[PDB]
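Residue numbers (our numbering), protein chains in the order written: chain G, 27 to 95; chain B, 20 to 445; chain H, 36 to 469; chain X, 4 to 25; chain R, 36 to 132; chain P, 8 to 450; chain D, 236 to 661. Reviewing the structure listed below.
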Amino acid sequence: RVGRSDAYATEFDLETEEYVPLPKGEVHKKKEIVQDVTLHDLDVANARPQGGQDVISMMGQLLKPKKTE
Amino acid sequence: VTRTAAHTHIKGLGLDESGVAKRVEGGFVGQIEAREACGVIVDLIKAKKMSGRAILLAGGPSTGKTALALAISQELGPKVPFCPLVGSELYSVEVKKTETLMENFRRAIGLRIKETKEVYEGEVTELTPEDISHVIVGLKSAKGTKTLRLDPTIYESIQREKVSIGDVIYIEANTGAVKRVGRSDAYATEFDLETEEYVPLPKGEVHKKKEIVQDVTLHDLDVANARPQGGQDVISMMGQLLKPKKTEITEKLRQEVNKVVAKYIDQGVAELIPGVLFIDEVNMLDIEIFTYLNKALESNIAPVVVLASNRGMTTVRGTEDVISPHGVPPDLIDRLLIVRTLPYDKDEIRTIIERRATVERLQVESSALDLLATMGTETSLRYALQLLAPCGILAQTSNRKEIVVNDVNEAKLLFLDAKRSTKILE
Amino acid sequence: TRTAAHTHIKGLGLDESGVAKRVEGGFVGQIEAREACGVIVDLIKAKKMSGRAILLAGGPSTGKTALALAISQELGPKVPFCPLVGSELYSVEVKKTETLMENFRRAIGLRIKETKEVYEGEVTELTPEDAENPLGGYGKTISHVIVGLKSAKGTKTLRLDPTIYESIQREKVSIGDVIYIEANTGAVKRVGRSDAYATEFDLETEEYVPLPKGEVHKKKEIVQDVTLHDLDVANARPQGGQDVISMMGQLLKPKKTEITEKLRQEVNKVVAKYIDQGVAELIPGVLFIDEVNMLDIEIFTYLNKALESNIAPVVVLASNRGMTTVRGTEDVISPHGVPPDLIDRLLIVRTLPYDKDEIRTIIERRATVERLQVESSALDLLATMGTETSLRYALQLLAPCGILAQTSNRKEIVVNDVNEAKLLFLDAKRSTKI
Amino acid sequence: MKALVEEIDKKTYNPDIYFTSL
Amino acid sequence: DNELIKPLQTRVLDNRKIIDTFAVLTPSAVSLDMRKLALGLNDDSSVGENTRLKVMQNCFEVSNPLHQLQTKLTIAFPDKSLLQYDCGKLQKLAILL
Amino acid sequence: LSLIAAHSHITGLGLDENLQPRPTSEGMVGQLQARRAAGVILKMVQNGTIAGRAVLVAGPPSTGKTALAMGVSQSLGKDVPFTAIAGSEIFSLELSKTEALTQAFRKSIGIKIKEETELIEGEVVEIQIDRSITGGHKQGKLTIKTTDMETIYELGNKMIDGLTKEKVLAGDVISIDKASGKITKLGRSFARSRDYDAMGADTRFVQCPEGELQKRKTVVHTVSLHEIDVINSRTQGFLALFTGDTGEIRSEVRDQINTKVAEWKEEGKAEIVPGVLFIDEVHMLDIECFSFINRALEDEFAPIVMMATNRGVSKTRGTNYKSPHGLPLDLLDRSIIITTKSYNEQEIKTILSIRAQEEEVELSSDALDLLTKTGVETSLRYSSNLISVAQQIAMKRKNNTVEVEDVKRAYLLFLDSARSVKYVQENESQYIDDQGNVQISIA
Amino acid sequence: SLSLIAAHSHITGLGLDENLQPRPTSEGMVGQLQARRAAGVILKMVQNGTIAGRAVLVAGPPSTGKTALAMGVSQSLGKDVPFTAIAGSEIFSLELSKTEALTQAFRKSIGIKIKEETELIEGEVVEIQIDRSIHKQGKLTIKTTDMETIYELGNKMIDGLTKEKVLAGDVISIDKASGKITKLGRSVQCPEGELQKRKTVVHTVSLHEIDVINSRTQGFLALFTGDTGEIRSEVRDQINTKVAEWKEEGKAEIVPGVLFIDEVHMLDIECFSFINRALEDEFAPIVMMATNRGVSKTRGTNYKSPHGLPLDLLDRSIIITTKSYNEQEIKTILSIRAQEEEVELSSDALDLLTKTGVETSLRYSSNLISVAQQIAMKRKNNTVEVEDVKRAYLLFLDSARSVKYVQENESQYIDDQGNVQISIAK
Ligand SMILES: Nc1ncnc2c1ncn2[C@@H]1O[C@H](COP(=O)(O)OP(=O)(O)OP(O)(O)=S)[C@@H](O)[C@H]1O
Ligand SMILES: Nc1ncnc2c1ncn2[C@@H]1O[C@H](COP(=O)(O)OP(=O)(O)OP(O)(O)=S)[C@@H](O)[C@H]1O
Ligand SMILES: Nc1ncnc2c1ncn2[C@@H]1O[C@H](COP(=O)(O)OP(=O)(O)O)[C@@H](O)[C@H]1O
Ligand SMILES: Nc1ncnc2c1ncn2[C@@H]1O[C@H](COP(=O)(O)OP(=O)(O)O)[C@@H](O)[C@H]1O
Ligand SMILES: [Mg+2]
Ligand SMILES: [Mg+2]
Ligand SMILES: [Mg+2]
Ligand SMILES: [Mg+2]
């Protein structure tokens, strides 16, 4: 959810909504994404994955990221 | 009835109004100059003006340094914070030595605050969830009834306390603590046998408000702002069982806590009580601890640290070629004022033994006490002090109250001194 | 099929009311050491003493580890034997003293013998019998619940007490189910459907189990073996479930912890209670600490204290050192590596070096164990090298000689293969010269 | 910061209406 | 083995009387907002709203055996024997009754 | 749960009413001066007034210092804490040396809180629990009887749940604690009407209780000061009582516990029973530990510390100078030293006889004389260890008594320190030297 | 910021004129003309911000003003610019590597200013009307000094106001974008103009703060708890490249600061090796190092060095040398200290203090002022006279006299070999 359209910006004079402009270009845009990542980045991603929405997952997210062998 | 320790007879410095010290007052004998210096230091602490001041109680063993420190604590009173310490206590394994020293620094600085407590108590007459949702509770008392709306955390606390209709609770609004004090008296005879412990219906109005003055330290505020510390919610339980060990508190937290305390004092709701940090056997400290102590004393909010050592021209631990007056490097010595403590002659030893015997509820004959004094002069004062209890035990075993010379001789033949044991080893 | 260094050591090879045979149980020579190990084994079997220490003192390649393994084999697998190297004590998660105590209590064992009566079989009948109500009230009352179980060459009907209805409901049993009901407890447990009804439905998630054999009423004696360390760890560990303590235990990896004396004393108290009740028996066991020279002085002092514990195993130590300084000390030169305080509390057994004939016999028995055939001249040359360089050198050289002989399509080891292996693989001395 | 305990009257309090005035 | 082996949870449950008698101390200073700020469960945290609500509901439903210790270390009540200790008339009335 | 250990043969210090040591009593032999001093320390501990004294036991090895400590512990008996630790135990990885010493010191002070509880005891007559299916309301009444009275109680929900959990029946004699709420099944009064399952598992009948159905009893809760500190340190400290991992408890917790316990004593709620802390081989402790011991002995809540040392003059650990007993002069100045001496031939003989009695080994007179001569020649502990091996050798011979030949065989099989040293010196090439050289070959 | 009196409270600046020429006595600093001139050069370099990775060594004999010089530089540099002062013993931690601790210290001294423009409505509330679904209809009225209008709320604003439970007649603040509500008391204060104002708020953070914020899910707590841990280097590279991009965009500015290591003679060779390279890179602050020892062995090495530091680091540093004071400068420094401590010394008392400080030490004479004040107060005298200072001298010993006493009685103290004669006899 990017936010609310600027079209409905003045619907209410006081409202907490991050009004954002209408996206440019077509609705269906295909883009080729290129990134430079080190192998250590993949190793870290596998060692400490960020997935999961369980209580255990969040508690592990809060823990300090100690280096491991 | 009462127990006796090394410094149970020390009740104070025994200094008069003018500052001169009587020969024998407050359990002290002799050491007049050191008592006067410690009285000046006590006055300086009571002034509550300077920060980071340090003094050194320098003298030989069994000379009265720890006794002087405890006397300073007694003279200042229980209002002020006096933190005893040993040089060996700062070598922690969870956090570094610097953090422990800083924590002890902030533990010796006292704060007295005023807080208003909002308290609710009564017999529950309704438990209706608003639908994790608020609970609408109705509290009845002998003077009136009241209906309240409680946050979900309080609802969880009530849920885990097994509170039902007819139970009497105690909700503290400031902290959100719920205690089930029991079941109402009106339902005592409902059943002839149940585990419930009954309590009378509370008197007075349900909503009670009181003003209590509580003494805290800056370390308490730092710990409160650093880690979660209490609560009956599972969220608090997980928060505190996560990251359980001590942490290296940063300077930013201390600065923010100082700003908070300054705001509290400015509003008049709090008053500051700077205290004393006593580090005994300071020669056990490494060079790093002394080096950080140099910087920590320059802080604008620091206690009056008092240090004690019984070493002379000893090399400093950690270093290999630094010979220092008392095991304290010259950088710290320049920051200190040294109070010299002097040995005891025979008459003062005799009086000390007499008073120690009087404190422990023992009766000592004059000739036996003279023998004990002369053997303390020959070997050691503390040796003479510890011989009193075995002498009393031996006298009691012979159905005799007062200590006699023969009991002292028997105690001497049973228990030996360091010199005699070393001679036996030779 | 695997061949370690002590596969041929089957035991000490003593005879009842006698002495060590010259060659028996894989042992050649070492008569005095074998007899001493035999009397120590008898002491352990007596199971009446604690904190008894023996030291296996001798040079390298003298049979010390073989003697410890022979003690283990003679005592049997039921007696808890705990092999250990002195280097293992130096952990990173806990202090050395804690690790030593954990090994000590791992050496002590407990045997629990429980007899249980159980009825098992497919449920065929389920009928409650109505009876007159003592309190009246025109209600429908049941005095018994009737369960009929059929088994292989057996079937019976039981008039159980009315209480069974709760367990039947909880275990949601049905007709055709095979169940497990304890005679004295009253609980029930279903292990699955009978195989006879596996055809009634083409698909079904539940597991159909074969009909149990024998009579419906079966009395079984279950024996379980535990160690004091196991009980201590189980009591110091959370149960494991949905409660919050287990969740934080999942989050934080379980490190070793200093198990307090209170927990150990509680374990001892419950063990003593159940031993007095007659259900449990205590087995002391053996704690073997090889290379005791590696231990520090702190570990030795704690051994001094722990050997005096009222419950402690028999500690066997082995050292190949002479007069060497005790680790962690600067000027404590003691016999072997053990400081004099601990030596005063133990008994020493010597392990002598071997002669040419003993080395030759050991080599030939090892070759037999490795399923190898050797010529007499090759065996003589192998023994000559064993007396020239080392016994273990020749014992290890046996296998490459066999590989070389197999590569030459030969089923026997010959002097040529021995010399070829000698040139290929150097010993310590010839390599030191090089 | 936040008041965890709130006083409400059964007749007056209702979530459908929130009102406050001078 | 259910009697020889007793986990920490059943030890917490069985030692209720000792916990009641000897758990006395309470924290000197507390801050209520830190309880939720440590876990990222505050209303304006970087964690998503749905995850925060799910974690809160799971915390509400979970069972903890340390509840009694929490309530003893959160608030301290004077012992009932203090009422006797403060009035000799009540002391003698007790033996009379 | 115990086995025959080294000090299992001593049940006390063996003293008269006037603290005069008997020649041989309660397992101890000789050491008259040492035993008298130990009795004086025993009376000092039992008085409970003198706090923080330090006592040292010095002497050659095998002179009975640990035996003296065990005798003191046995004379103390239960209800008086005794904490036996070694110098090696202090050096931990999760706690500091000062923290470990603090915990060891606090382990020796016990707090007793006495409570009066009401207990219902009797033989059940009728139990009746009525519960609605798909309903939460439960109603029940029970009739519990005693020899002189019988009554009916109508039960609340929690009592009904507890009795249902406990599986109480008619022929059950049970106890009910009105405060705690636990139900203990003491035994059975008669059989279970001859149902099929559990036919004869209730034969062990118990007599019906007698007297007032509801009687008051007193319960004593004994907990050490360290346990209170661990409980009040954190919320999870109760688990730390068993798991360990107590952490370094903050000083404020200990100070507050001290104040609260002093208030309890002044109020009569709690009784403080100080005990003895015993450190084996105190020479292993660092100088920091000795300094902390120096300071911590001055506390009013400190126990009485006793230490064992046999090093004579030796280098204190953590320093580069030798000290009279392996301890700094500061600690020696505030400790009373009790000494032990070497044993005569007769004392060794009677100690060997006592050990043989404890190990249930029947020694002939000649065998005992040979063992005594060996012990004087080599070591007391060597002969003590040889006794059991000689018994096993005799059993191998199928004889119920140990003779001289069995002791000779045990002597031949098992060596002393001196013989092993001689055999090492004669054959030094067969052992690894301090320079890491050894000859493996025999040619 | 309420705090007690420290040993550097009087130094309120570096006391320079426009031409960087220091005055004889200004801003609490006395003497040290060349040291203060060089410190002013360093201060101008810091303020310019175009020079990075410069190390200045403040070397000289003890009690010469190295820490005083650093404090003056910090005060003249003012706020709104980072100044991290850590002792060399604070690096050695059990949770952070020494290189990681030094890196965190380096990043702490580079500040980043980020401007956030927020639309917030501030005024005095009058009426609030909220109705049930007909999702929610709501109107609020905000009064100010010159306007009074109603606002038509939406769903989320209504939910927020209900959560805050804003009353009427109380000054309220509502943010249009964020939606945060800040409560204020009833209008001492009053609304001052238009309902919706446009005021920017600037946030001052350091590179370390951004690194810790991005380190974890809720890493910003670690800035107070101190459990940051060794941050991954890729995260720091990300922070650096984003700071470069932000500076290019002009939406954030960098404020380079000063890192002060008070006792560099305690860092080991690894720390110096790290510092050598850390100075070279961009975003390196200006490092001030204070040392006193002439020639000593660098920690971790077995060889001497020109300042206790390896020659590689000294090649990279410019050295500011401080010179010992003379009698007049001691007199005026003691006068400044007495004025700070609120002590009215007499002329002869000040002269005696000056001669004592010249003979023994400046710090010793500085500490005697408060003790002398307390001694005089015991006599009910306001001004401190000569006899009070003489009594303070008699009661409290300095380093030289204490050493003389220890040397003349070496038997009664514990020596390096551990020997002492506690027995007063023999
Ligand atoms: N002047 C004195 N008057 C009365 N009692 C004294 C006096 N000096 C010492 N004592 C007592 O005698 C004992 C001496 O111990 P301390 O006063 O601690 O000496 P000390 O200087 O601390 O020796 P160290 O450095 O701790 S080994 C204590 O029990 C003191 O209470
Ligand atoms: N008496 C023996 N009879 C048969 N094989 C033996 C005998 N003594 C040793 N061996 C074997 O010789 C090999 C080496 O002996 P080990 O006992 O394992 O080593 P060791 O004598 O204990 O020397 P260390 O202390 O381990 S270096 C092993 O394969 C043993 O099985
Ligand atoms: N006085 C004694 N009375 C009875 N038995 C003793 C006596 N002295 C020593 N023993 C026995 O001799 C052995 C000596 O052990 P221990 O006391 O540990 O020696 P140490 O005094 O060197 O520590 C113990 O097993 C003990 O049973
Ligand atoms: N130039 C100066 N002007 C004012 N006060 C000074 C000056 N130099 C030193 N002082 C004072 O001397 C005391 C000690 O100086 P310090 O900063 O410790 O120097 P160093 O660190 O070199 O020993 C400080 O309290 C300070 O107030
Ligand atoms: Mg002292
Ligand atoms: Mg081996
Ligand atoms: Mg011993
Ligand atoms: Mg300085």
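Think of the CB as a built atom: it goes at the ideal place given N, C-alpha and C, for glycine as much as any other residue.
Is residue i a contact residue of ligand 4, with contact defined as CB to any heavy atom under 7 angstroms?
i: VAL265 (chain D); result: yes
i: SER540 (chain D); result: no
For residue i, is the beta carbon positioned less than 7 angstroms from some heavy atom of ligand 1?
i: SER646 (chain D); result: no
Buried or exposed, going by whether 16 or more other CB atoms sit within 10 Å of the CB of residue i?
i: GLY218 (chain P); result: exposed
i: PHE22 (chain X); result: exposed
i: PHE197 (chain P); result: exposed
i: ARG406 (chain H); result: exposed
i: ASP633 (chain D); result: buried
Taking only heavy atoms of ligand 2 into account, decide whether any of them is closer than 7 angstroms to the Cβ of residue i.
i: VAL63 (chain H); result: yes
Measuring only from the beta carbon, is residue i closer than 7 angstroms to any heavy atom that is part of ligand 6?
i: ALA353 (chain H); result: yes
i: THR386 (chain H); result: no
List, in order along the chain, the chain C residues whose C-beta lies closer than 9 angstroms to that of residue i?
i: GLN274 (chain H); result: The displayed structure is made up of protein chains G, B, H, X, R, P and D, and chain C is not among them.
Report the partner residues of residue i according to the DSSP bridge assignment.
i: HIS228 (chain P); result: P:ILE120
i: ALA294 (chain D); result: D:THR526 and D:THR556
Is the closest heavy atom of ligand 8 to the C-beta of residue i under 7 angstroms?
i: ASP353 (chain B); result: no
I'd like the ranges of any alpha helix (DSSP H) spanning at least 4 consecutive residues and lying wholly in the stretch 236 to 312 of chain B. If only uninterrupted alpha helix (DSSP H) runs of at least 4 residues are considered, those enclosed by the stretch 236 to 312 of chain B are 237 to 245, 253 to 260 and 270 to 285.
Mind checking the stretch 251 to 262 of chain B against chain H and listing, in chain order, the residues whose C-beta falls within less than 8 angstroms of any C-beta there? Listed in sequence order: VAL253, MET256, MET257, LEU260 and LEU261.
Let me know the alpha helix (DSSP H) ranges lying completely inside the stretch 97 to 133 of chain H, each 4 residues or longer, listed in chain order. 99 to 110
Segments assigned beta strand (DSSP E), at least 3 residues, entirely inside the stretch 337 to 373 of chain H: 349 to 354, 358 to 360 and 368 to 370
Starting from the N-terminal side, write out each stretch of the alpha helix (DSSP H) that is 4 residues or longer and does not extend beyond the stretch 291 to 345 of chain P. Entirely contained in the stretch 291 to 345 of chain P, the alpha helix (DSSP H) runs reaching 4 residues are, in chain order, 294 to 303 and 336 to 340.
Can you pull out the residues from the stretch 49 to 83 of chain R whose beta carbon lies closer than 9 angstroms to at least one beta carbon of chain B? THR61, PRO62, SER63, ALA64, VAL65, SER66, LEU67, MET69, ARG70, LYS71, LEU72, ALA73, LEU74 and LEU76
By the 7 angstroms beta-carbon criterion, what residues does the stretch 372 to 388 of chain D contribute toward chain G? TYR386, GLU387 and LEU388
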